[PDB]
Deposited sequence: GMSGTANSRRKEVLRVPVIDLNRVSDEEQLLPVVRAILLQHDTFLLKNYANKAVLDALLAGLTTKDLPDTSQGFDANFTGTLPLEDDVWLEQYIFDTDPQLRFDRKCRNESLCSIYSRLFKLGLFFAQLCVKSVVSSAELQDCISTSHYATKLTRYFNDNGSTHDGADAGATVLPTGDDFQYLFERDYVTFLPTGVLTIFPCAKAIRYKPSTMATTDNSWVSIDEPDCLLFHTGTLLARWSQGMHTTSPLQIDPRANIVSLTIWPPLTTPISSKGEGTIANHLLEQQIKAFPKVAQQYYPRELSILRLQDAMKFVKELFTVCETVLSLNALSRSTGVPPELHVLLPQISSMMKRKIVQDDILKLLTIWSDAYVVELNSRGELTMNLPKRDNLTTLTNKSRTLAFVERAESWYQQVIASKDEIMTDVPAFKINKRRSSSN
């Protein structure tokens, strides 16, 4: 049972008629289908042609603007181009692929039209009403190529459009749902529209099959537009292509990995608080490997003795960790007070505050960014 809103261009075709329909959809959805588009056939022919014609230029290179041709695993090739209106920007890699150019111009007029509708639909500011126009925009044309498993990603633009509603999965709002509508184009909204909706609209990540020769066009206002759009694009491209990111943005990449490590230890701390309190209800402090399975269950991942010791790095007085007579690590809450607990009554706030400054210390430093919290060394 299709649960994706479908906009039929045969019925409603005009902007005054379309605008309320779009707005009604965007209040509950981030994804919708487009039925009976005029150039759907031309579009499907061009996509068909790509199987034998106009192959990805493998000698083109893939630069720091995340454009060009990029060989991926399992004989899949990525081709990508980014265009921006702003003369101050240097995205000069021109698309020489005649099929992709033809596909682009059809997806462009279409995408731009519905992009303006989306902004007028759920964004209040009048300054942002004209941000995207025929004279102000940024596009990302992406092509996957298969010689003959899913990639999750969260688009960051206003609107991203697929010329073929196939081999794509979405989350309806708990589990991914496949989309197979060969006569439809697929539309999905990005994080920019949601943020600018100030609550009205929310979006969600997509899954695509990289082996299914998927093409897509994403629309932005000019990348220099302040909400730092470029920062979100960069972070998204880095998440998508970590190997390229290692080459051109190794610091940005390492910082991103560190952020996950911070999220890890913070959640680990609160989970440790819960587990230790429940156990303390019964003299002798509990051994750590006894508590680990329960800790792992709440963390929904494998947690070893080394992970617990990461907390002591962030805050050495958080727990009393010692070796018992049986040479096992015992852990318990501190009995006595220090300067910290005499002036800050919250243990969680104490930790999270000291975790943020530790993180800030690492990224401020003039040293190679470590991507994890080192484990604290306990003496014997």
Spell out the unmodelled ranges of the deposited sequence for me, N- to C-terminal, numbering from the first residue. 1 to 12, 161 to 186, 212 to 217, 272 to 277, 333 to 335, 434 to 439
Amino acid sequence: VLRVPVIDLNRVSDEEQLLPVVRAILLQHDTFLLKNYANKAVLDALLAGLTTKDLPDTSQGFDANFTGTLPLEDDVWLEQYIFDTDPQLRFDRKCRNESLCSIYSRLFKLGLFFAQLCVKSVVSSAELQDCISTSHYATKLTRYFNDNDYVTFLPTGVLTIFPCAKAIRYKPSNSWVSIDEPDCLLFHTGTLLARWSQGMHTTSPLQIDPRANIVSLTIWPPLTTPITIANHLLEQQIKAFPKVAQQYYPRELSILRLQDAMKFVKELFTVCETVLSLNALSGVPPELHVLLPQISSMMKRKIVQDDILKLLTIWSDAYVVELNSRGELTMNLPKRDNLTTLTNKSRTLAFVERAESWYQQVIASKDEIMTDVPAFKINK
From here on, numbers count along this sequence of modelled residues.
Comparing 119 to 127 with 203 to 211, where is the mean C-alpha B-factor higher? 119 to 127
Higher-scoring stretch by recorded Cα B factor average, 193 to 201 or 235 to 243: 193 to 201
By the CA temperature factor listed in this entry, which of these ranks top: 79, 306, 84, 252? 306
Among 259, 99, 218, 277, where is the Cα B factor highest in this entry? 277
Going by what the PDB entry lists, where does residue 324 fall on CA B-factor within its chain: lowest, middle or highest third? highest
Third of the chain, ranked by Cα B-factor, where residue 333 sits: middle
What third of its chain, lowest, middle or highest, does the C-alpha temperature factor of residue 36 fall into? middle
Would the CA B-factor of residue 103 place it in the lowest, middle or highest third of its chain? lowest
What third of its chain's C-alpha B-factors does residue 63 belong to: lowest, middle or highest? lowest
